[PDB]
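Take a look at this single chain, the form deposited without its partner chain, given in structure tokens.
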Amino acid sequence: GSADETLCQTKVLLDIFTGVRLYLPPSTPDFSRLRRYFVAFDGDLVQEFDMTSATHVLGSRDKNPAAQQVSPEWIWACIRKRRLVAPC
């Protein structure tokens, strides 16, 4: 249990993706909060077909190789580490 053990606090958010602009895919699980939550932390979310300027990207990068190919584990590990961790 990650989210339920992390975002279980309303949104906790925390200074995780601090300035971490990861492209949160709509196909990603927990997207609901994944979006608001993340960006809510203090970062930003770019639409797949919209990253060129983006910074991070959830699963995959193509749309934006200049972003970060982070996953759902990164958000937790990050928000949990109160500091952006190794994106993968």
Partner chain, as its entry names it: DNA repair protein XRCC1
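Positions refer to the first chain, counted from 1.
The same protein also has a form deposited with its partner chain bound, omitted here; what follows describes it.
Proximity of residue 30 to its partner chain in the deposited bound form falls outside the 4.5 Å heavy atom cutoff. Using a 4.5 Å cutoff between non-hydrogen atoms, residue 63 does not count as a contact of its partner chain in the deposited bound form.
In the deposited bound form, its partner chain lies within 4.5 Å of some heavy atom of residue 13.
Interface residue remark: residue 22 is not counted as part of the site for its partner chain in the deposited bound form, having no heavy atom within 4.5 Å. In the deposited bound form, 39, 40, 41, 42, 43, 44 are the residues of 39 to 74 with at least one heavy atom within 4.5 Å of its partner chain, listed from first to last.
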